[PDB]
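Visitor: Output the structure for:
(4 chains)
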Amino acid sequence: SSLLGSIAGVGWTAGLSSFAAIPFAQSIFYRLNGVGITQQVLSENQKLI
Amino acid sequence: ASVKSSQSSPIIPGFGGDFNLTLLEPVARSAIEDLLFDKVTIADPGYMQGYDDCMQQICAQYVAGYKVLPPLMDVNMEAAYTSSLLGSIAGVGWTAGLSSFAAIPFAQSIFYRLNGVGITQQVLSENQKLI
Amino acid sequence: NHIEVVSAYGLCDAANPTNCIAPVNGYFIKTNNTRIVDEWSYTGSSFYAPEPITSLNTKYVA
Amino acid sequence: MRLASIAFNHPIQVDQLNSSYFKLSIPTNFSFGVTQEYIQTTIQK
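Guide: Numbering: from 1, shown residues only, chains lettered A, B, ... in the order given. Let me share the structure:
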């Protein structure tokens, strides 16, 4: 459960592990921005995803 | 199922200009695959010609006893997986994501794969090739 | 839902600095647009472009 | 009963173009998500 807590902030990264507290939604817009390399205009318009 | 998924070139006799690739299927079990199946010594298998062919005379079908089952896939189809894999060598080796891409010729795939980690940039691969 | 579109590989002009890619390909046509992996397609690039050396098939820029 | 299907493979083969342009198969829909594998870690002791 602390691992699920660290999913969002640790999934950022920028180093394992010296971080963070970022909401989970923004963690999946950066995790989604990363390798499904759709940048910000698609995740802005739209979500729902 | 973790091999193929996407997306071949497809197999045309010219892959890369000019990289003579033996891995082409001549037509179905390509040429280098033919070398490492001919040079390997297997006394097996029998699939409606080798049982009778041994009856004309390994004994997975004569002691019975033990019995060898066939390997789930015909050789033309494992050849189909790895041949679409050779198709996806060029475009998938680009990347920019696995796998949602592409169709790029094999020569340019090795000038970007060669540009990458043998980090010689474009002036060397331009002047010259042959490589 | 796969849709086959067309590259380059980049761009050039009368002067020759290039583009392509940050990080995904192309540079489509209609006109030169860039939402790549996965969906499509963006605007004029402006932050979607490192500027490497020119290559063959001159001026666009393969 | 009703044997012998041969259901392979078949990848959506993008075709290779000739000139300075080269085709590419980008998609349109996300469609996330799967459950995935167990990794066993231990025995019963």
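
Visitor: Residues contacting stretch C:55-62, please?
Guide: B:108, B:122, B:126, C:7-13, C:16, C:18-20, C:54, D:19-22 (Cβ atoms under 8 Å, 6 or more residues apart in numbering or on different chains). C-betas here are computed from N, CA, C, even on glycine.

Visitor: ends of it, how far apart?
Guide: 6 Å (Cα to Cα, to the nearest Å).

Visitor: Same question for that stretch: list its buried residues.
Guide: C:55, C:60, C:61, C:62 (16 or more other Cβ atoms under 10 Å in any protein chain shown).

Visitor: List buried members of the contacts of stretch C:55-62 by neighbour count.
Guide: Members of the contacts of stretch C:55-62 classed as buried by 16+ other Cβ under 10 Å are B:108, B:122, C:7-12, C:18-20, D:20-22.

Visitor: biggest separation within those residues, which pair?
Guide: Within those, two members stand farthest from each other by Cβ to Cβ: B:122 and D:21, at 19.1 Å.

Visitor: Spit out the contact partners of the spatially most central residue of chain C.
Guide: Of all residues in chain C, the one closest to the mean position by Cα atoms, centre = their mean is residue C:27, 2.5 Å from it. Taking Cβ under 8 Å, 6+ apart, we find residue C:27 in contact with C:7, C:8, C:9, C:10, C:11, C:19, C:20, C:21, C:33, C:34.

Visitor: One more pass at 10 Å, please.
Guide: Counting by Cβ atoms under 10 Å, 6 or more residues apart in numbering or on different chains, residue C:27 touches C:6-11, C:19-21, C:33-34, C:36, C:41, C:45, C:48-49, C:60-61, D:21.

Visitor: Next, format the buried ones among the contacts of stretch C:55-62 as JSON lines and append distance to chain A and secondary structure.
Guide: Formatted as JSON lines, these follow (distance: Cβ to the nearest Cβ, whole Å; DSSP: H, G, I helix; E, B strand; the rest coil):
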{"residue": "B:108", "distance to chain A": "21", "secondary structure": "helix"}
{"residue": "B:122", "distance to chain A": "23", "secondary structure": "helix"}
{"residue": "C:7", "distance to chain A": "16", "secondary structure": "coil"}
{"residue": "C:8", "distance to chain A": "18", "secondary structure": "coil"}
{"residue": "C:9", "distance to chain A": "18", "secondary structure": "coil"}
{"residue": "C:10", "distance to chain A": "17", "secondary structure": "coil"}
{"residue": "C:11", "distance to chain A": "19", "secondary structure": "coil"}
{"residue": "C:12", "distance to chain A": "24", "secondary structure": "coil"}
{"residue": "C:18", "distance to chain A": "20", "secondary structure": "coil"}
{"residue": "C:19", "distance to chain A": "16", "secondary structure": "coil"}
{"residue": "C:20", "distance to chain A": "14", "secondary structure": "coil"}
{"residue": "D:20", "distance to chain A": "24", "secondary structure": "coil"}
{"residue": "D:21", "distance to chain A": "21", "secondary structure": "coil"}
{"residue": "D:22", "distance to chain A": "19", "secondary structure": "coil"}
